[PDB]
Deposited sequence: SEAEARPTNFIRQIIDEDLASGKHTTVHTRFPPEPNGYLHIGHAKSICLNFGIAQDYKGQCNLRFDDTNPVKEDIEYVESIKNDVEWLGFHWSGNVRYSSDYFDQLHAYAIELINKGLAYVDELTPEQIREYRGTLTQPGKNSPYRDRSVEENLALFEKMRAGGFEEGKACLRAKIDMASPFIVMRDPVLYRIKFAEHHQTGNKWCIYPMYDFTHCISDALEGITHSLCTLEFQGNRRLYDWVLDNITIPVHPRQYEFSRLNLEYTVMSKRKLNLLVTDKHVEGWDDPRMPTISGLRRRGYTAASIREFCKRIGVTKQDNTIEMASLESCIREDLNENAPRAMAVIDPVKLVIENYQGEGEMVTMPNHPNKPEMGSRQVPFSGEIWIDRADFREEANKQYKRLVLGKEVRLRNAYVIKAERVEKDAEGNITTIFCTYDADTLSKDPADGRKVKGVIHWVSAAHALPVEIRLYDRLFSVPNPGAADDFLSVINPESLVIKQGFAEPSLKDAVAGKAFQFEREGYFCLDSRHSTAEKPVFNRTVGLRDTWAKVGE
């Protein structure tokens, strides 16, 4: 329960409403991100919790910033999270004729006029945050005059910025938004849905409340920056012949630590090619998060945890990571892979190898097991062997013995160094009666696999508050290794999380893998305590 559900509860109880109809209205000018996933969870969750409806509506009022590529991807990520909208996908452009009729009602009532103050002047006349504005000299044109000028606008007789339609409200209102807000502006741009049918386009505030009213939305839920806007939401509905009047309720937007959400910015990372694109595994986008190896279930959980309040806030990545870990620990089948490897040969070994039956899940016998080939000449992780180390160190020291994962208790003996003092190979003994744990991969049956170690994109917690967020990008956000994995990883499917034991949960990058060379993105590391 949250403050919005308590409102919805009262409404139902008092008999204000019988059903609840919410909506998610992204503008199609970019890919959805983790913050959007919070609206999706809120809006679609309430609908299904109350057996109500939730429309997916593309708020497509600004043609020059939107593109058809985003509509298809948005529908894509909404479904992926496991949510379905009510009926058909809707578009604000679906209401362009309605919106136009409504502007006319306003004009006929004298509550709107065609102003000719330039784009620079309108700002000058608007006042400031402490100084009231002033009426444009074009404010008292006759209704008959406004209809003519508006139709001329509609007919493309005015150049961009040469005229716009404004609401005749209050230039001295303490709400900057009520200072004669623009309702329509001229843009000679092709619209991704309406082609070149329209050269005048409605502004968010005029389009949004009328669309909600037409769709019979009972509660418009948006973020806190729209609290002021709400006054205009109600003013529009109060002055046009519409039979319902939805109510807006604002909650606080999600801010994730170490990442930026501003689509303007995310777009710059993609435009300047600093990431591979919107679905780069370092991006806070839903598709990026998906390619990274997250699961819709881990995200819905994240939403459940962070809550819905009016408080500004900033979640730590630790909270997000906790979610995916919890999910993958349960459902991810374990496997073996070595990221940085140094060869290890057991001399006391007899035979061209053998087979070790390893389980697909150490805490869930029900998941089955597999035949992992064991051998004498294997591959181990460089950071697992140490010539000298204290008690704490519970791995392979040049002195004692260590257990190979589900195999034999080997025993370090000699080490063969390369010219530059680097260990090239290790020599050890073992006693076949055995069967300090480390992971390994039989060199003979090792599958060369590229591993991508992803880290946080930025090196400060609020790169948003930086003068130049770009200069604060983490150069180690992606570190590419070459390692080896047990041959079973040959059958991995894109987006199927595996837990490389003692490393983390990884998943096959569908975008870079092939036949010989598979690419694995590291979703999240283990609790490296």
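Novice: Where does the model have holes with respect to the deposited sequence?
Specialist: Absent from the structure are positions 1-7, 443-453, 548-553.
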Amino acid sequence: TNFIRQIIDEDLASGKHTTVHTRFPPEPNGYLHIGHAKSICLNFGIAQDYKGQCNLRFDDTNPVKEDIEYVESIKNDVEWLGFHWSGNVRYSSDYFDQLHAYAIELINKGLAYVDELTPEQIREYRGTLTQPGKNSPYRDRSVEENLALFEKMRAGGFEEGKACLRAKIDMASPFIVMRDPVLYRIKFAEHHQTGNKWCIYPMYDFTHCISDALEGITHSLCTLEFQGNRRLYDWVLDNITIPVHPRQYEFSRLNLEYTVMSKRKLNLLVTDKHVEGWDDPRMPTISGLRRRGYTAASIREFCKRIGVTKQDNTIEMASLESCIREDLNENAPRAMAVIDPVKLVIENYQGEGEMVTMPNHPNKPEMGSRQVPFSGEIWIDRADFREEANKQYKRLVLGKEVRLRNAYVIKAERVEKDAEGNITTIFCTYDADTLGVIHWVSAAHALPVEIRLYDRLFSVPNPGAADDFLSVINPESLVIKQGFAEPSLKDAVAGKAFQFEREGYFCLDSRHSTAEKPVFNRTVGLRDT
From here on, numbers count along this sequence of modelled residues.
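Novice: Look up the CA B-factors in the entry and say which stretch, 300-308 or 160-168, has the higher mean.
Specialist: Here the higher of the two C-alpha B-factor means belongs to 300-308.
Novice: Which has the higher mean CA temperature factor in the PDB entry, 175-183 or 360-368?
Specialist: Mean B over CA atoms: larger for 360-368.
Novice: Reading the B-factor column of the entry, which of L129, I315, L396, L149 has the highest value at its C-alpha atom?
Specialist: Of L129, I315, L396, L149, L396 has the highest C-alpha B-factor.
Novice: Per the coordinate record, which of the options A383, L269, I107, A189 holds the highest CA temperature factor?
Specialist: Top of the list by C-alpha B-factor: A383.
Novice: How does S510 rank on Cα B-factor within its chain, lowest, middle or highest third?
Specialist: As the PDB entry reports it, the C-alpha B-factor of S510 lands in the highest third of its chain.
Novice: Per the entry's values, where does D97 land by CA temperature factor relative to the rest of its chain, in the lowest, middle or highest third?
Specialist: As the PDB entry reports it, the C-alpha B-factor of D97 lands in the lowest third of its chain.
Novice: In terms of the CA temperature factor given in the entry, to which third of its chain does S477 belong: lowest, middle or highest?
Specialist: Its C-alpha B-factor belongs to the middle third of this chain's values.
Novice: For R231, does the deposited CA B-factor place it in the lowest, middle or highest third of the chain?
Specialist: It belongs to the lowest third of the chain when residues are ordered by C-alpha B-factor.
Novice: Quick check for you: using the entry's CA B-factors within this chain, is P137 in the lowest, middle or highest third?
Specialist: Tercile = lowest for this residue's CA B-factor.
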